[PDB]
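K.L.:
Let's see this in three dimensions:
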Amino acid sequence: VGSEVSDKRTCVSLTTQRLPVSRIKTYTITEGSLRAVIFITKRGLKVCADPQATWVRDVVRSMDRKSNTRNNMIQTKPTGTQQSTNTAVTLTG
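P.N.:
Numbering: from 1, shown residues only. Structure data below:
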């Protein structure tokens, strides 16, 4: 139950899995050697896709709208550590 890691970078391959935008959350397109479109799903699963795909470009257009303001609508704020009080309870014996 799992795949190979340490080798990959961001995803596995380029596309090969026409994911429904409805399931996709946000995306990230690169311009560097990568020059690939990254698709992030609500499941936190991010994949890569070729921007040469028309369907992709079409979804990319919507993706922006799908996550136009949403991006802001979501601002996961992580935490460091927490505090607590001391305890004291002994068991008979």
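K.L.:
Using neighbour counts, pick out the buried residues of the lengthiest helix in the chain.
P.N.:
Using DSSP state H to define each element, the chain has its longest helix at helix 54-66. Buried positions in helix 54-66, judged by neighbour count with 16 or more other Cβ atoms under 10 Å: 56, 59-60, 63. In this view, the C-beta of every residue, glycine as well, is placed from N, C-alpha and C.
K.L.:
One more: stretch 34-47?
P.N.:
Under 16+ other Cβ under 10 Å, the buried positions of stretch 34-47 are 36-41, 46-47.
K.L.:
Endpoints of it, how far apart?
P.N.:
Start and end residues of stretch 34-47 are separated by 13 Å (Cα to Cα, to the nearest Å).
K.L.:
Residues in contact with it: which ones?
P.N.:
10-12, 14-15, 17, 19, 23-30, 48-51, 56, 60, 63 (Cβ atoms under 8 Å, 6 or more residues apart in numbering).
K.L.:
Which ones among the residues you listed lie within helices?
P.N.:
Going by DSSP H, the helices hold 56, 60, 63 from the contacts of stretch 34-47.
K.L.:
Same list (the residues you listed) but as JSON lines, adding distance to residue 93.
P.N.:
Formatted as JSON lines, these follow (distance: Cβ to Cβ, whole Å):
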{"residue": "56", "distance to residue 93": "67"}
{"residue": "60", "distance to residue 93": "67"}
{"residue": "63", "distance to residue 93": "63"}
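K.L.:
got the residue ranges for the strands in the protein?
P.N.:
24-29, 37-41, 46-49 (DSSP state E).
K.L.:
bridging residues for residue 49?
P.N.:
residue 37 (DSSP bridges).
K.L.:
Tally up the residues packed near it, please.
P.N.:
25 (other Cβ atoms under 10 Å).
K.L.:
correct me, but it touches residue 18?
P.N.:
No - Residue 49 is not in contact with residue 18 according to Cβ atoms under 8 Å; the separation is 9.1 Å.
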